[PDB]
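Chemist: Chains as they are written, first to last, in UniProt numbering: chain A, 501 to 599; chain B, 501 to 599.
Questions regarding the structure given below will be posed in turn.
Number of protein chains: 2
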Amino acid sequence: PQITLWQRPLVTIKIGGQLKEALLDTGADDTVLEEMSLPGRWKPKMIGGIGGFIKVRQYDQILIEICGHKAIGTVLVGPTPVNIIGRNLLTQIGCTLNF
Amino acid sequence: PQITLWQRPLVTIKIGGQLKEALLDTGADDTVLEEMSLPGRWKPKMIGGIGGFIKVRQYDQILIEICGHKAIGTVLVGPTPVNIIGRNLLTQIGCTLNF
Ligand SMILES: NC(=O)c1ccc(S(=O)(=O)N(Cc2ccc(C(F)(F)F)cc2)[C@H]2CNC[C@@H]2N(Cc2ccc(C(F)(F)F)cc2)S(=O)(=O)c2ccc(C(N)=O)cc2)cc1
Ligand SMILES: [Cl-]
Ligand SMILES: [Cl-]
Numbered sequence: 501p502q503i504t505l506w507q508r509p510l511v512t513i514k515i516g517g518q519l520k521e522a523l524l525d526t527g528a529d530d531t532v533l534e535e536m537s538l539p540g541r542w543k544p545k546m547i548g549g550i551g552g553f554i555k556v557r558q559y560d561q562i563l564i565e566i567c568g569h570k571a572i573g574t575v576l577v578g579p580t581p582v583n584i585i586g587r588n589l590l591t592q593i594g595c596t597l598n599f
Numbered sequence: 501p502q503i504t505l506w507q508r509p510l511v512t513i514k515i516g517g518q519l520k521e522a523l524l525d526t527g528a529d530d531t532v533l534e535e536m537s538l539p540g541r542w543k544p545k546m547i548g549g550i551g552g553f554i555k556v557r558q559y560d561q562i563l564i565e566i567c568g569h570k571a572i573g574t575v576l577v578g579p580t581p582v583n584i585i586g587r588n589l590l591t592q593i594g595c596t597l598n599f
């Protein structure tokens, strides 16, 4: 796809067999999803946002599909304003910025 | 240009006679810069995300040069940890997401 930015770049993802809406956010280093259940063990992670640093749960090697493109990578789970697909998975699906 | 997301998409901008480094951020609705002086009227606003909200000053119809591209729009000013170019100005330089 070519996605313009006149509206928020909201796309459908699939994780855990479920469809969700998520934002493609080139300013996010990481992928951060709203509270959900994921398999396996998690590790602690601190992330810095606009308002401060917060604790999230880090899950590694998770299957996730983004606009139909398959990815397997790290997913953080915590109190985020919206599901965010950040650069760790945008790089996997081959996303670039162009102007 | 075609900008990779292996690293943060950092570029040089010029605003108010100052050269600054800023993040091209598709998850930000509006542009947010670190504390600086700008001309004209402003109004307060709150913006938020992980970690909570911050108060910013909203200036409209500001000129910014981004990679040689001149773009006019709203700039929010406040205690952001990084200078952010948001969608409101990315559209003006014809920036898209591509995968
Ligand atoms: N309403 C607006 O005009 C607006 C709202 C929020 C922001 S933002 O400043 O929160 N922002 C830019 C930003 C902030 C901080 C960083 C830092 F990592 F360097 F600290 C980098 C970039 C947001 C857009 N890109 C990321 C950042 N966050 C996500 C976010 C917030 C609010 C919205 C919403 F839809 F509600 F408006 C969407 C997206 S963040 O701050 O929550 C964040 C999240 C994850 C990570 C990470 N490491 O993966 C980092 C930061 C900008 C404009
Ligand atoms: Cl990853
Ligand atoms: Cl366009």
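Don't be surprised by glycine CBs; every beta carbon is placed ideally from N, CA and C.
1) Using a Cβ-Cβ cut-off of less than 9 Å, give me the residues of the segment 520-541 of chain B that come near chain A, in sequence order.
2) Would you call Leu523 of chain A buried or exposed, if buried means 16 or more other Cβ atoms sit within 10 Å of its Cβ?
3) With a cut-off of 9 Å, does the C-beta of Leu563 of chain B fall near any C-beta of chain A?
4) Taking a contact to mean a Cβ-Cβ separation below 9 Å, would you say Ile515 of chain B touches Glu565 of chain B in this structure?
5) Between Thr531 of chain B and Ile585 of chain B, how many whole angstroms is the CB-CB distance? I'm expecting something under 8 Å.
6) Taking 9 Å as the CB-CB limit, is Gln518 of chain A close to chain B?
7) So is the beta-carbon of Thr526 of chain A under 8 Å away from any non-hydrogen atom of ligand 2?
8) Enumerate in chain order the residues of its own chain whose CB-to-CB distance from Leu597 of chain A is below 7 Å, with the five nearest sequence positions on each side excluded.
9) Are there 16 or more other CB atoms within 10 angstroms of the CB of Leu519 of chain A, so buried, or fewer, so exposed?
10) Taking 8 Å as the cut-off, is the C-beta of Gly551 of chain B nearer than that to any heavy atom in ligand 2?
11) Quick one: what does DSSP say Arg557 of chain B is sitting in, helix, strand or coil?
12) Any beta-carbon of chain A closer than 9 Å to the one on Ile515 of chain B?
13) Report all residues from its chain with a CB closer than 8 Å to the CB of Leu576 of chain A; omit the five preceding and five following residues, and keep chain order.
14) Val582 of chain A bridges to which residues according to DSSP?
Modeler: Quick look at the numbers:
1) The segment 520-541 of chain B vs chain A, Cβ under 9 Å: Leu523, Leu524, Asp525, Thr526, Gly527, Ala528, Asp529 and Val532.
2) Flag for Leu523 of chain A reads buried.
3) No - not a single Cβ of chain A is within 9 Å of the one on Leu563 of chain B.
4) It is a contact, given that the beta carbons lie within the stated cut-off.
5) About 5 Å; that satisfies the 8 Å criterion.
6) Under the 9 Å criterion on CB atoms, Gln518 of chain A is classed as non-interfacial with respect to chain B.
7) No, Cβ of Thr526 of chain A sits at least 8 Å from all heavy atoms of ligand 2.
8) Counting only residues of its own chain and dropping the five nearest sequence neighbours on each side, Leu597 of chain A has a CB closer than 7 Å to the CB of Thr526.
9) It counts as exposed.
10) Outside the cutoff, so no.
11) For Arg557 of chain B, the secondary structure class from DSSP, reduced to helix, strand or coil, is strand.
12) Cβ-Cβ to chain A under 9 Å: no for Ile515 of chain B.
13) Here the set comprises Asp530, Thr531, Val532, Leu533, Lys545, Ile547, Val556, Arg557, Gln558 and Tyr559.
14) Beta-bridge pairing links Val582 of chain A to no other residue.
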